[PDB]
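A short write-up of the structure that comes next.
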Amino acid sequence: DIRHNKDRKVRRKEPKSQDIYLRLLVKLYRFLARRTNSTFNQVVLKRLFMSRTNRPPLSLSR
Amino acid sequence: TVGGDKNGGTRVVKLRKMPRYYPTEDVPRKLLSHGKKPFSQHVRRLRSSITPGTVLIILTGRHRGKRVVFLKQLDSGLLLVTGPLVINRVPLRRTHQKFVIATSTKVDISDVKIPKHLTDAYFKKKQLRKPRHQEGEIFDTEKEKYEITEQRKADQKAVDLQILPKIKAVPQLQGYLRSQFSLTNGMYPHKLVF
Amino acid sequence: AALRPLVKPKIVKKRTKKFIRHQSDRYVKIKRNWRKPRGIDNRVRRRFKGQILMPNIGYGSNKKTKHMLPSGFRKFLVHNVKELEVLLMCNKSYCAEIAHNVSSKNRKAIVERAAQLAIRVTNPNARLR
Amino acid sequence: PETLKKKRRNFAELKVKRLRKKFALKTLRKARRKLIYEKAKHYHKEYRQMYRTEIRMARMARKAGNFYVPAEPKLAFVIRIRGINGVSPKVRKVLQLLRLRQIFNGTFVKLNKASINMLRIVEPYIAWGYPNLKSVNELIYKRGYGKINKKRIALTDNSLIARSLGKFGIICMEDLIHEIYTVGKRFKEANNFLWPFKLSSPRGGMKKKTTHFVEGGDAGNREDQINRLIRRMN
Amino acid sequence: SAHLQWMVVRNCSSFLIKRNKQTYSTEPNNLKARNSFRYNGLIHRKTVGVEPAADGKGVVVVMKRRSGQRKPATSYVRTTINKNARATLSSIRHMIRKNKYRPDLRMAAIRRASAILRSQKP
RNA sequence: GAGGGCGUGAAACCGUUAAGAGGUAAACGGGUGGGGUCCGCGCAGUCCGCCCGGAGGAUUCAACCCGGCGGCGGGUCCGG
RNA sequence: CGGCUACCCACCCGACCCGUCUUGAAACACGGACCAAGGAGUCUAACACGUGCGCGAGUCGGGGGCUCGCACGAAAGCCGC
Ligand SMILES: [Mg+2]
Ligand SMILES: [Mg+2]
Ligand SMILES: [Mg+2]
Ligand SMILES: [Mg+2]
Ligand SMILES: [Mg+2]
Ligand SMILES: [Mg+2]
Ligand SMILES: [Mg+2]
Ligand SMILES: [Mg+2]
Ligand SMILES: [Mg+2]
Ligand SMILES: [Mg+2]
Ligand SMILES: [Mg+2]
Ligand SMILES: [Mg+2]
Ligand SMILES: [Mg+2]
Ligand SMILES: [Mg+2]
Ligand SMILES: [Mg+2]
């Protein structure tokens, strides 16, 4: 048949942080990206699950 | 609904009032299936070997292999048969289609003139009891078994006096119906011709 | 005249036997509790025919009838009268079970409160004289 | 209030707004019903003509003492015969490309110079033949499964076909059967939309599964005899 | 701030009992037993609750006043209804249907009132 | 049933009593049957709650109005 | 009357004794007579990666000092030239 080594998507679907405000932001932006059908909402929801490394601090001059 | 009163004019009455008690976590509703009929609306099937005037063998009944004559098919799907009480002591009995063996013998019964008052509702088993708790007597009903007369004997005497002139015309039918079917050691049903 | 629960389906069990630890019959030091055999040439690990069965996720009972008693209720453990009134809304599917360390003086009060609230109790009329 | 009495008429107006929409949808659905009926009738006439012309040409050729050879069938049904384990990679890759992963499943293939050699490479593991119209009909009706997405949805309503494949003109299942049996410009999409037909085991029993059909087995070319096996596999 | 308080109360909070596979919230002002956001009676600005009367007959209804918040002394108004099995059942329904006042959990309040009246009947 | 290394008192082992069985060592998994202890029911006699039409009795309220308190909703954001 | 089971018995089928070294273990390869208790990847320093938190071109008082003697205070609070 087919091997099952790559069938599970390794991406994360839930923020590992326990911050209550971040949890509420995720609960809001998930509903937005699910209803409004906005790719911007989708990407801003995906960027909230990211860790401290995947969210680099953007400077002011940049 | 508005009805008159004694004092204060007339007050409106609301039929089908609101219920007073609500059971918690009630069961939801079904999915509204189709094609499902009650038993009273089912179509009744009959085998070609079971024709009016055919001999049947009562295998699973309380008579355990008696030969009876079939009269007609009722409305609920059960066969109304009867054996001559002089030949075999079986009254007008209800039987099942799949529970009888039909013999290839035939009897001219077209002029049966069956009454119209007897139907599936005429053959029922009614049980009643006086007390609600337990007592020594058996419900005051099964102690003296049912012995209804003047109606179970009237129709029987009306039908057998017409069936017997048709059975006694056959040279050896009153003895054949008197006899009881049985499986001996030498024959098997898969080779026997009924 | 037991308390009638809500609608209940015919609970079917995939396996009615309890899984037995390998070689737990020969030695009495080996408890009946199941332990995963991790031998390099053991028969149970490679599942030879005629050997004992290993418990896996396949034997999982139905989620609609899981944790359901044969009477049709799901048990919930209680200790006093305060933790009994919480089962007031779920009396048709959930039932009460008094703890074992509850005294006979405070047990009859729980039984009377459950009878008033029409709550099924798995162990009624217990420790009476 | 008077605003509530006017909202009472606005409710009937919204009801008419929904009613006109559903009435237009019902009329369009009836029109599509008539369309698929007419298309099925035309396809039946085309099948009649194409089946009669094959005998017409042979009869008109045999009168002059001259033989007539028909065209090679452009569609072939392939079924997997051998198991999974114990296969070379050269043939396992072709079995994966032919959408034949598990045992006892079959798919339609457009016969070309490349497909013929692809089937010859994996000949010991497949049984291929030229399907009949009734065999195609049975395989599309009984074992018909399409994938509107990465899931295998059963083919029950024509809307399932019209939503995923209606952009080419294959709105109905009769259109699908016609596009399969009369391979043309839009055959690849119609074939890829269909899930590999999971077939059951045969009834009469397969004789010498490991041997070629010519030697007396079953794994091989069964040009006209594959329908007698499809009747028992389905 | 209902969700902010629920994100703290949903766990690590008192009154919660989950010894078995089911969990119970068990608040002094709560209709059902489920530990849920739509049924919690301590975090919302409007809350309805029913309770058996302390005298031995009737049903007391507690409503969140919402006039003065953060003042638990007068934050709850308590009324007593001692009528037949239907008059109380209709008054409690009106108390939630006429006013907006958290239109949901109306059926929950009605079921709890009927269940406690069933126990008050004997 | 705490009797001078005596709180509680498990397993290996042994004695007695009861039950069952016995030529392929015993033991073990799958599926039944038989016996026994025990559990729940009282076994041709036990289902619950809602609405309506009838059969008899007792009560205040509900329709509506009035007195009146407590809470809900927004308009003027009115004096703040 | 109903009852799966941690009770006993019988028949039918399948069923070699567990653990590790090994390509190969039931082996005429090793350890185990049985039972109860104890028994084996810990801690410190350093490094690398990933994750959570706070601040952010800044970050860190772990080193000392201050307030009042304190069971909890061998804590916690603060330093601001
Ligand atoms: Mg794997
Ligand atoms: Mg990987
Ligand atoms: Mg090995
Ligand atoms: Mg066969
Ligand atoms: Mg003692
Ligand atoms: Mg001692
Ligand atoms: Mg003995
Ligand atoms: Mg070990
Ligand atoms: Mg070595
Ligand atoms: Mg060697
Ligand atoms: Mg070994
Ligand atoms: Mg050895
Ligand atoms: Mg040696
Ligand atoms: Mg040794
Ligand atoms: Mg130990």
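Naming works like this for the structure tokens: A, B, ... for the chains as they're shown, residue 1 at the start of each chain, ligands 1 onward in shown order.
In chain A, the set of residues within 12 Å of chain D (atoms considered: only C-alpha atoms) is residues 1, 2 and 3 of chain A.
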Write a file of the just-selected residues containing N, CA, C and O atoms, as a PDB file, in the first residue's frame.
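Saved the output as again.pdb:
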ATOM      1  N   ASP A   1       0.823  -1.202   0.000  1.00  0.00           N
ATOM      2  CA  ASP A   1       0.000   0.000   0.000  1.00  0.00           C
ATOM      3  C   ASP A   1       0.862   1.259   0.000  1.00  0.00           C
ATOM      4  O   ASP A   1       1.689   1.453  -0.891  1.00  0.00           O
ATOM      5  N   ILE A   2       0.668   2.110   1.005  1.00  0.00           N
ATOM      6  CA  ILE A   2       1.373   3.381   1.113  1.00  0.00           C
ATOM      7  C   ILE A   2       1.963   3.497   2.512  1.00  0.00           C
ATOM      8  O   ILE A   2       1.317   3.136   3.502  1.00  0.00           O
ATOM      9  N   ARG A   3       3.196   3.994   2.591  1.00  0.00           N
ATOM     10  CA  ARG A   3       3.843   4.201   3.877  1.00  0.00           C
ATOM     11  C   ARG A   3       3.162   5.329   4.645  1.00  0.00           C
ATOM     12  O   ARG A   3       2.574   6.243   4.062  1.00  0.00           O
TER      13      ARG A   3
END
Select residues of chain C: the criterion is any atom within 7 Å of an atom of chain G, counting only C-alpha atoms (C1' of nucleotides); output as a short mmCIF file (atom, residue, chain, number, x, y, z; two decimals) with N, CA and C atoms, in the first residue's frame.
data_model
loop_
_atom_site.label_atom_id
_atom_site.label_comp_id
_atom_site.auth_asym_id
_atom_site.auth_seq_id
_atom_site.Cartn_x
_atom_site.Cartn_y
_atom_site.Cartn_z
N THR C 16 -15.74 -10.07 27.16
CA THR C 16 -16.28 -10.19 28.51
C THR C 16 -15.26 -10.70 29.52
N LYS C 49 -0.75 -18.21 17.72
CA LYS C 49 -2.10 -18.73 17.87
C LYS C 49 -2.20 -19.62 19.10
N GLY C 50 -3.36 -19.57 19.76
CA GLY C 50 -3.60 -20.36 20.94
C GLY C 50 -3.07 -19.78 22.23
N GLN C 51 -2.37 -18.65 22.18
CA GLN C 51 -1.84 -18.02 23.38
C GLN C 51 -2.85 -17.03 23.94
#
Discussion item. Which residues are near ligand 4 in this structure, taking near to mean any atom at most 9 Å from a ligand atom and counting only C-alpha atoms (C1' of nucleotides) and all ligand atoms? Format them as a ChimeraX atom specification.
Written reply: /D:203-205
Fill in: Shell of 12 Å around ligand 11 (only C-alpha atoms (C1' of nucleotides) and all ligand atoms), written as a ChimeraX atom specification
/C:39-43 /G:16-22,24-27,29-31
Worksheet item: If you measure from CA of residue 128 (chain C) to CA of residue 108 (chain C), what distance in Å do you get, rounded to one decimal?
Response: 9.6 Å
Discussion item. With only C-alpha atoms (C1' of nucleotides) as the counted atoms, please give the residues lying no more than 12 Å from residue 112 (chain C), apart from itself and same-chain residues fewer than 3 positions off, as a ChimeraX atom specification.
Written reply: /C:80-81,84,105-109,115-121,124-125 /E:119
Worksheet item: CA of residue 109 (chain E) to CA of residue 92 (chain E): how many Å, to one decimal?
Response: 7.9 Å
Item to complete: Could you give me, as an MDAnalysis selection string, the residues within 12 Å of region 196-199 of chain D, counting only C-alpha atoms (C1' of nucleotides) and dropping anything in the same chain fewer than 3 positions from it?
Response: chainID D and resid 77:81 96:109 136 138:147 152 154 191:193 202:203 229:234
Worksheet entry | Contacts of residue 15 (chain E) within 10 Å, only C-alpha atoms (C1' of nucleotides), excl. fewer than 6 positions in-chain, as a PyMOL selection string | chain E and resi 9+24-28+35
For residue 59 (chain A), please output as a PDB file with N, CA and C atoms (P, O5', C5', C4', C3', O3' and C1' of nucleotides), in the first residue's frame all residues within 12 Å (counting only C-alpha atoms (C1' of nucleotides); exclusion window: fewer than 3 positions along the same chain).
ATOM      1  N   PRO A  56       9.896  36.959  15.613  1.00  0.00           N
ATOM      2  CA  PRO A  56      11.046  37.793  15.943  1.00  0.00           C
ATOM      3  C   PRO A  56      10.611  39.224  16.229  1.00  0.00           C
ATOM      4  N   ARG A  62      13.195  49.483  10.826  1.00  0.00           N
ATOM      5  CA  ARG A  62      12.762  48.582   9.765  1.00  0.00           C
ATOM      6  C   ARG A  62      11.310  48.831   9.383  1.00  0.00           C
TER       7      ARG A  62
ATOM      8  P     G G  56      10.309  47.349  27.936  1.00  0.00           P
ATOM      9  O5'   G G  56      11.557  47.104  26.976  1.00  0.00           O
ATOM     10  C5'   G G  56      12.833  47.644  27.284  1.00  0.00           C
ATOM     11  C4'   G G  56      13.922  46.981  26.477  1.00  0.00           C
ATOM     12  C3'   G G  56      13.885  47.230  24.979  1.00  0.00           C
ATOM     13  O3'   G G  56      14.477  48.467  24.621  1.00  0.00           O
ATOM     14  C1'   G G  56      14.178  44.922  25.387  1.00  0.00           C
ATOM     15  P     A G  57      14.356  49.020  23.118  1.00  0.00           P
ATOM     16  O5'   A G  57      15.662  48.467  22.395  1.00  0.00           O
ATOM     17  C5'   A G  57      16.795  49.307  22.194  1.00  0.00           C
ATOM     18  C4'   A G  57      17.913  48.977  23.151  1.00  0.00           C
ATOM     19  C3'   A G  57      19.179  49.816  22.987  1.00  0.00           C
ATOM     20  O3'   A G  57      19.797  49.993  24.262  1.00  0.00           O
ATOM     21  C1'   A G  57      19.700  47.540  22.664  1.00  0.00           C
TER      22        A G  57
END
Worksheet item: What is the distance, in Å and to one decimal place, between CA of residue 166 (chain B) and CA of residue 112 (chain B)?
Response: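 Computing it gives 9.6 Å between the two atoms.
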